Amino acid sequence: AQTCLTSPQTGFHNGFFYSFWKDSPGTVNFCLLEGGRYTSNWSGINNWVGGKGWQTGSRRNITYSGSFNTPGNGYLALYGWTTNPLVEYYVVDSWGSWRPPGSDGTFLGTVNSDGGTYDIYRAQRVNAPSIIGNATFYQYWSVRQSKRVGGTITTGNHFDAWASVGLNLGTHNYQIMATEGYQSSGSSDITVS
């Protein structure tokens, strides 16, 4: 069976951790399917992020396949958090209208991984939702130079490249193959590992 949610929550489904988050505007239909699969369909939202993965991140290699589409702002990304320091990190494989993080990111270099090349940035978010409540914190970004939906993400290559430019991680919190939407509508269907 598949279980479809519209209220933000976390838990476990078929052995995978999942996090489904949204602020109040609009509707996300976030559905939990067989194994590592989830789907999303969003409209009229301000910001939402969710997917399947692990309750505690590591240097594991993560494989995923499926589809992602939005005519507006959204991302398909390995996504997670650390604490002390509080960091929101991203390995972005695809995006919609706008390539993140934009002009507020400090470009620090590139890393080759998984047949792609990713641009590395630090950005800061001010008073933004976080796993500890609204907070000001840094983001670590790897953003693939060409878009794709499906493949492996060798997370250790990113963590090591980030470390070599001063983007050092804290204690790992959750780690999911995420779909994110910002003031947009769209859909995704992602199967993790």
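Numbers follow the displayed sequence, beginning with 1.
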Could you settle it for me: does 10-18 or 172-180 have the higher average Cα B factor in the PDB entry? 10-18
105-113 versus 67-75 - greater average Cα B-factor per the deposited record: 67-75
Return the residue from 154, 40, 27, 130 that has the highest Cα B-factor in the entry. 27
Determine which member of 44, 166, 150, 50 has the highest CA B-factor, using the values in the deposited entry. 44
Among the modelled residues of its chain, does the C-alpha B-factor of residue 142 lie in the lowest, middle or highest third? lowest
Lowest, middle or highest third: where is residue 33 by Cα B-factor in its chain? highest
Thinking about Cα B factors across the chain, which third does residue 62 belong to? highest
CA B-factor placement of residue 126, once the chain's modelled residues are sorted into thirds: highest
